[PDB]
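Observations on the model geometry
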Protein chains: 2
Amino acid sequence: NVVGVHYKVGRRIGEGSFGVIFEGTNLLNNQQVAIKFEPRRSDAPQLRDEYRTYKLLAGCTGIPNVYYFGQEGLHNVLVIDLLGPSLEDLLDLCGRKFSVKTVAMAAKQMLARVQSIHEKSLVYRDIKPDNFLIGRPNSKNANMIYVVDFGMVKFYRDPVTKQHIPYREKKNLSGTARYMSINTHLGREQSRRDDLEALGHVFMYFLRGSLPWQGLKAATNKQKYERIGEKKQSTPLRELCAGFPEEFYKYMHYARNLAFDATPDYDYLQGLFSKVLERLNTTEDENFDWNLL
Amino acid sequence: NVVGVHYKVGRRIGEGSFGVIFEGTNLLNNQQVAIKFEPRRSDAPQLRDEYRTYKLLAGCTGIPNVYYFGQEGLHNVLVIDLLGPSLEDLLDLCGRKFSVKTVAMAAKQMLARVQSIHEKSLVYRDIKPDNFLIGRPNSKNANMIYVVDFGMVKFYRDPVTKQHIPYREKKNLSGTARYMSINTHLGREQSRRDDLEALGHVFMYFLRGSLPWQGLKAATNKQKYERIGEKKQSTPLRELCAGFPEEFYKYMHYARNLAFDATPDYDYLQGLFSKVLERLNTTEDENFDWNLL
Ligand SMILES: Nc1ncnc2c1ncn2[C@@H]1O[C@H](COP(=O)(O)OP(=O)(O)OP(=O)(O)O)[C@@H](O)[C@H]1O
Ligand SMILES: Nc1ncnc2c1ncn2[C@@H]1O[C@H](COP(=O)(O)OP(=O)(O)OP(=O)(O)O)[C@@H](O)[C@H]1O
Ligand SMILES: [Mg+2]
Ligand SMILES: [Mg+2]
């Protein structure tokens, strides 16, 4: 099947809320790509926006290159680089949990990606293990972690004047409840701190194998987000992070306490993870759990 | 990491009961392979047997080539061709069910693989969607279905004299309860008919999205296999296959009724599936659900 004049559609490799992702090849150079098909419907995310965002982030480390955007009948297509499995997929292959070393090494890369996005005056707003993918097996970047899916990004400040957006409330709950920040549950405008908090939730998820608020009770959607939000507030950080390196508690504590328009101290955060590795008497290498027997 | 003198171990791609499968490359020719690591322990399946079986089936269509078998410290390794995702994985990408066309086309290939194994005087005994994989994306055999994992094969007849094995009982339950034949639950020696029945269970699983005996009640292992076995016996075929082409009921009916040492009429079975395609006014092509938007 051929789309975008010179891209041959292969088999499905992923599925989302409204879109299907296929692996394919650019017929002019035989390069492998991923094609995201999005149905043009009222309740679907505008793929052109994701395209714009990819262009705006072109060149940043860990961000895939975008090649084509266009309409194919009743769908909008986005052609980007073909990447490997997500960290969620990798979990399934490693006993549903990652060791401290893997989490610290992964955290450093993930945190760097989020910083790149923030420096472009954007907040990601959809932090989840599913959106972080590693490179292709036989590639130089086989162990590099990338970020895909920019469907929910938003500008937290004017790019030119750096004037931060005002604090607002009544916001409608968007992304993944399991990882969202407490402020998000509370219907507050999301900023840099929220991305960092959600990232901390993912880190703890990796270490423990699960979060205290996963799979609750016979409730409805609005009840789900709420019961989860309440459980997050009632769960003490010392408890959430008990048994793991102190730096994890410190990360959670920092993220949770940042002010709405505060500029994160990314260097401090990166340092926490480097400390974790030091204590383990290990370095930041490529020995992730998924490359180990 | 290098094993078997010239095979470089990459990342994990699969996991089983005792073994871990990694993707890798043969350093002499840069060919991609899959390396199966098996811990040398009392309760683990002898990988040398799987090796022997691969050799015995060398050359058969849909059977991957074996390259190396050996010990690497506390593990036994088996190097075979690198294949694509399993049909179980593909299900996840297609809404947890396959259309009639995909099932009929898939059935023809799967049935051909089982026949090849039977013709070599062996019964597979581990029929499940997880053991049927398609080829690699950019390959001529991208849409060919293969069979891997020969850990439970057994000779049902002497290869030279073709003298069939006697009927025995008290057999201990082995493989996947969800797909096994009723005779298997009953602790009876498995033969060709059982492989065919389990294959029918998989076909119905594909079509319906689930089987009537999936996820039962708070029971134990021996209770699980039993409750499942009882549910299989209490579930009428007309009921199991209701709503789908008559040929599916006919396949189930044939498989269920074969005698212990009966030689299946593979041609008759293949014909049923061809009829299904004819009625759909379609042919056996490569338009599986996973290649379709
Ligand atoms: N570039 C890519 N290379 C390889 N796999 C990819 C690529 N892009 C996406 N995937 C896979 O496809 C899945 C879904 O992609 P994506 O998140 O863009 O779909 P979506 O409909 O926007 O998702 P959702 O709404 O579920 O977050 C990813 O989670 C991942 O498993
Ligand atoms: N040759 C291969 N190429 C690609 N993927 C493969 C290959 N062999 C196996 N796999 C993947 O790895 C998974 C497990 O493999 P395998 O079934 O051989 O392990 P096992 O320990 O014998 O399994 P189990 O006991 O779970 O059946 C497969 O189900 C499939 O997902
Ligand atoms: Mg996603
Ligand atoms: Mg298996």
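Thresholds applied
- By convention in this text, residue numbers begin from 1 on each chain and track the written sequence, not necessarily the entry numbering, and residues missing coordinates are not displayed.
- Throughout, the order in which chains and ligands are written sets their labels, letters from A for the former and numbers from 1 for the latter.
- To get the side-chain values, all heavy atoms of the structure are used, and hydrogens and water are removed first.
- In DSSP terms, a helix is any run of H or I states spanning at least four residues, a strand is any run of E spanning at least two, and both are numbered starting from the N terminus.
- The term polar contact refers here to a pair of N or O atoms within 3.5 Å; inside protein, the definition further demands a hydrogen-donor-capable atom paired with an acceptor-capable atom, and it admits residues adjacent in sequence only when both atoms are side-chain atoms.
- We call two residues in contact whenever any of their non-hydrogen atoms come within 4.5 Å of each other.
- If DSSP finds at least two bridges between two strands, the strands pair.
- Angles here are taken between N-to-C directions and fall from 0 to 180 degrees, while the axes themselves are lines fitted to C-alpha atoms, restricted in helices to the stretch in contact.
- Each copy is brought onto the others through a least-squares superposition of its C-alpha atoms.
- When we say a residue is near a molecule or strand, we mean one of its heavy atoms is within 4 Å of it.
- Using a 1.4 Å probe, the Shrake-Rupley method yields the accessible areas, and only the shown protein chains count as cover for residues.
- Think of it as three bins: nonpolar holds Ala, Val, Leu, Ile, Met, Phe, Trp, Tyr, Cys and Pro, charged holds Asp, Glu, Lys and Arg, and polar takes everything else, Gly as well.
- Here the bounds of each domain stem from an automatic or database domain assignment.

Per the PDB record, this model was obtained through X-ray crystallography at a reported resolution of 2.0 Å.

The subject of this paragraph is the side chain of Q190 of chain A. Residue and element names in this part refer to chain A. For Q190, the position within the fold is in the loop between α4 (182-185) and α5 (192-208). Among the polar contacts made by the side chain of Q190, one reaches the side chain of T184 at a distance of 3.4 Å. Once residues lying within four places of it in the same chain are set aside, the contact partners of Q190 are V123, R125, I165, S174, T184 and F260.

Across a sheet, strands are paired by hydrogen bonds formed along the backbone, either parallel or antiparallel in direction. All names here are of chain A. Read across the open sheet, the six strands follow the order β1-β2-β3-β4-β6-β5; overall the sheet is antiparallel. What marks the edges here is a single partner per strand, and that holds for β1 (2-3) and β5 (66-72). Inspection of the sheet shows β5 paired to strand β6 (residues 75-81) by six bridges, in the antiparallel sense. The residue bridging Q71 from the neighbouring strand is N76, located in β6. On top of the sheet, helix α1 (residues 47-56) reaches β4 (31-39), β5 and β6; it is set at about 25° to β6, its chief contact.

A word on the relation of the copies chain A and chain B. When chain A is fitted to chain B, the best match, at an RMSD of 0.0 Å, comes from turning it 180° and sliding it 0.0 Å along the axis. Read as a symmetry element, the transformation amounts to a two-fold axis. Closest approach to the rotation axis among the C-alpha atoms of chain A is made by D89 of chain A, whose C-alpha sits 5.7 Å away. Residue by residue, 100% of the interface of chain A is reproduced at the interface of chain B, so both copies engage with the same surface.

For the rest of this paragraph, the subject is the pairing of strand β2 (residues 7-15) of chain A. All names here are of chain A. As defined by bridge partners, β1 adjoins β2 across two bridges and the pair is classed as antiparallel. Bridging across to β2, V3 finds its partner in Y7. As consecutive antiparallel partners, β1 and β2 are separated by three residues, and within that stretch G4 has a phi angle of approximately 55°, a positive value. Where β2 meets strand β3 (residues 20-26), six bridges bridge the pair, whose relative direction is antiparallel.

Glancing now at the site of ligand 2. All names here are of chain B. Around ligand 2 sit 20 residues in total, of which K36, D81, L83, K128 and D149 are the nearest. In this structure, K36 approaches ligand 2 through a side-chain N or O atom, which is 2.7 Å from an oxygen atom. Residue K128 places a side-chain N or O atom 2.9 Å away from an oxygen atom belonging to ligand 2. Here ligand 2 loses 85% of its free accessible area of 620 Å² to cover by the protein chains. The set of elements that each furnish at least two residues to the shell around ligand 2 consists of β2 (7-15), β4 (31-39) and β6 (75-81). Of the residues in the shell around ligand 2, the class split is eight nonpolar, six polar and six charged. The residue makeup of the shell around ligand 2 includes at least three contributed by each of domain 1 (1-82) and domain 2 (83-293).

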